[PDB]
Amino acid sequence: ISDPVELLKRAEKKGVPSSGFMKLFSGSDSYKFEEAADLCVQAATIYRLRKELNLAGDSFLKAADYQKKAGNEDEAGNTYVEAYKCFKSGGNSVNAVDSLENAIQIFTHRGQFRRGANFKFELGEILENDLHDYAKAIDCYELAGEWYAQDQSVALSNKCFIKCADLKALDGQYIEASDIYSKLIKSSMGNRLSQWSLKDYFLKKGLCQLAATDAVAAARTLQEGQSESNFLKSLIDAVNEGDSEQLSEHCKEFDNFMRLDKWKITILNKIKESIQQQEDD
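Below, the structure is given as structure tokens:
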């Protein structure tokens, strides 16, 4: 059979719990659901080949669910990833989000945390970069980095917490972030292979601190940076002297020996303001 439509048509007539003489005559049910699964997958594939993606993703969803009615949890989630891949590649972020959410539900309940995390991250990423639900992207970037910890795979766990920290700084949870940064610093010196990146944590931690108008903590955290950090100093001052011009300048300068990335620019404007408001206060 080569018509996805037909394949799917049969896929339905078959993936149904049998009863009566049928149940008796015909071998087990799961054998049927698998048979149904295998049908949708065959359709999903023809669709994928044809570049109809949303139809391939929608096809896989069916297959996946058939697969779990057959009790092949792994084969299922694996399939959910396939559906996600399509819905993603097809720009259907909403459905691509669903798809993953199942794979994860499974990978998680099935105890496969390392693989869970892997997708928990992607999920967060789409949640963050596309749908723009930062409040939920943060939740994943956290629960994902958390699993990586147990798996003792530090490296990755950090990649999460930064995506996590950076992003809370925007939503304005200034200290929680400077905290996550603190932790990202402590559990990053035990690895002399991270040394280089450790500057940004400090600076970023200080910037958060200043943004919360806590210039002491910043001054402190700058000192601790003795066991970039030079630009933080010039800011801990421009602030301590309500001069939204020395600051507004040091940033202008620092933008030469290191163009500022969106984050810093956001956070830095939130600081320049906290100064002006204090001048007109």
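Residue numbers (the deposited numbering): 1 to 227, 237 to 290.
All residues carry an ideal CB built from backbone N, CA and C; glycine is no exception.
Notebook entry, point to check: Secondary structure at residue 212, three-state DSSP: helix, strand or coil?
Noted result: Position 212 of the sequence shown, counted from the first residue, corresponds to residue 212. Three-state result, residue 212: coil.
Next item on the list: Kindly indicate which residue of 89, 122, 92 has the alpha-carbon position closest to the one of residue 103.
Entry: In the sequence shown, counting from the first residue as 1, residue 103 sits at position 103. Of the residues 89, 122, 92, the one whose Cα lies closest to the Cα of residue 103 is 122.
Notebook entry, point to check: Does the beta-carbon of residue 94 have 16 or more other beta-carbons within 10 angstroms, so that it is buried, or is it exposed?
Noted result: Working through the sequence shown from its first residue, we reach residue 94 at position 94. The residue in question, residue 94, is exposed, as its Cβ has fewer than 16 Cβ neighbours within 10 Å.
Next item on the list: Report the rounded CA-to-CA distance for residue 228 versus residue 144, giving the unit in angstroms.
Entry: No atoms are given for residue 228, which sits in the stretch of the chain between 227 and 237 that the model skips.
Next item on the list: Please report the Cβ distance between residue 207 and residue 276, rounded to the nearest whole angstrom; I am assuming they are in contact, meaning their Cβ atoms lie under 8 Å.
Entry: As a first step, residue 207 must be located in the sequence shown, where it is residue number 207. As a first step, residue 276 must be located in the sequence shown, where it is residue number 267. Contact between residue 207 and residue 276 holds, with the beta-carbon distance rounding to 5 Å and staying under 8 Å.
Next item on the list: Confirm, please, whether the CB-CB distance from residue 177 to residue 183 is below 8 Å.
Entry: Translated into the one-based positions of the sequence shown, residue 183 becomes position 183. Translated into the one-based positions of the sequence shown, residue 177 becomes position 177. It is not a contact, given that the beta carbons lie outside the stated cut-off.
Notebook entry, point to check: What is the C-beta distance between residue 124 and residue 85, in whole angstroms, given that I count them as a contact (C-beta under 8 Å)?
Noted result: Within the sequence shown, numbered from 1, the residue matching residue 124 stands at position 124. Within the sequence shown, numbered from 1, the residue matching residue 85 stands at position 85. Going by Cβ atoms, the distance from residue 124 to residue 85 rounds to 17 Å, so no, they are not a contact pair.
Checklist line | Simplified DSSP assignment, three categories, for residue 226 | finding: Here the question's residue 226 lines up with position 226 in the sequence shown. Residue state, collapsed to three classes: helix.
Checklist line | Short Cβ contact (8 Å threshold) for residue 76 with residue 59 | finding: Stepping through the sequence shown from its first residue, residue 76 is reached at position 76. Stepping through the sequence shown from its first residue, residue 59 is reached at position 59. No, the pair does not count as a contact, with Cβ atoms beyond the cut-off.
Notebook entry, point to check: When the Cα of residue 39 is compared with those of 170, 72, 66, which residue comes out closest?
Noted result: If you number the sequence shown from 1, residue 39 lands on position 39. For residue 39, the closest C-alpha among the options 170, 72, 66 is that of 66.
Checklist line | residue 266, DSSP secondary structure in three states | finding: The residue given as residue 266 occupies position 257 in the sequence shown. Coil at residue 266, not helix or strand.
Notebook entry, point to check: Thinking C-beta only, is residue 83 closer than 8 Å to residue 64?
Noted result: Locating residue 64 in the sequence shown gives position 64, where the first residue counts as 1. Locating residue 83 in the sequence shown gives position 83, where the first residue counts as 1. When the beta-carbon positions are compared, residue 64 and residue 83 come within less than 8 Å of each other.
Note to self: Does the distance between the C-beta of residue 106 and the nearest non-hydrogen atom of the ligand FAD fall short of 7 Å?
What the structure shows: Annotation note on the ligand FAD: not contained in the displayed structure, which lists no ligands.
Checklist line | For residue 70, the three-state DSSP class (helix, strand or coil) | finding: Walking along the sequence shown from the start, residue 70 turns up at place 70. Looking at residue 70 - three-state DSSP - the assignment turns out to be coil, as it is neither helix nor strand.
Note to self: Helix, strand or coil for residue 189? Go by DSSP, reduced to three states.
What the structure shows: Indexing the sequence shown from 1 puts residue 189 at position 189. The DSSP-derived three-state label of residue 189 is coil.
Margin query: If the criterion is Cβ atoms closer than 8 Å, does the pair residue 210 and residue 244 meet it?
Written below: Within the sequence shown, residue 210 is the residue found at index 210, counting from 1. Within the sequence shown, residue 244 is the residue found at index 235, counting from 1. Cβ distance < 8 Å, so residue 210 and residue 244 count as in contact.
Notebook entry, point to check: If you follow the alpha helix (DSSP H) that residue 41 is part of, which residue opens it and which one closes it?
Noted result: Position 41 of the sequence shown, counted from the start, is the residue given in the question as residue 41. For residue 41, the enclosing alpha helix (DSSP H) begins and ends at 30-49.
Note to self: Considering just the uninterrupted stretch of the alpha helix (DSSP H) at residue 228, what are its terminal residues?
What the structure shows: This structure gives no coordinates for residue 228. The numbering of the chain moves from 227 immediately to 237.
Note to self: Going by C-alpha to C-alpha distance, which of 246, 181, 166 sits closest to residue 270?
What the structure shows: In the sequence shown, counting from the first residue as 1, residue 270 sits at position 261. The shortest C-alpha separation from residue 270 is found at 166.
Next item on the list: Might you give, ordered along the chain, the residues of its own chain that have their beta carbon closer than 6 Å to the beta carbon of residue 80, omitting 5 neighbours on each side?
Entry: Taking the first residue of the sequence shown as position 1, residue 80 is located at position 80. 64, 99, 102, 103, listed in sequence order.
Check: By the 10 Å Cβ neighbour count, where 16 or more other Cβ atoms means buried, how is residue 273 classified, buried or exposed?
Finding: If you number the sequence shown from 1, residue 273 lands on position 264. By the beta-carbon neighbour count (other beta carbons within 10 angstroms, threshold 16), residue 273 is buried.
Check: If you run the structure through DSSP and keep just helix, strand and coil, what is residue 133?
Finding: Locating residue 133 in the sequence shown gives position 133, counting from the first residue. Residue 133 falls in the coil class under three-state DSSP.
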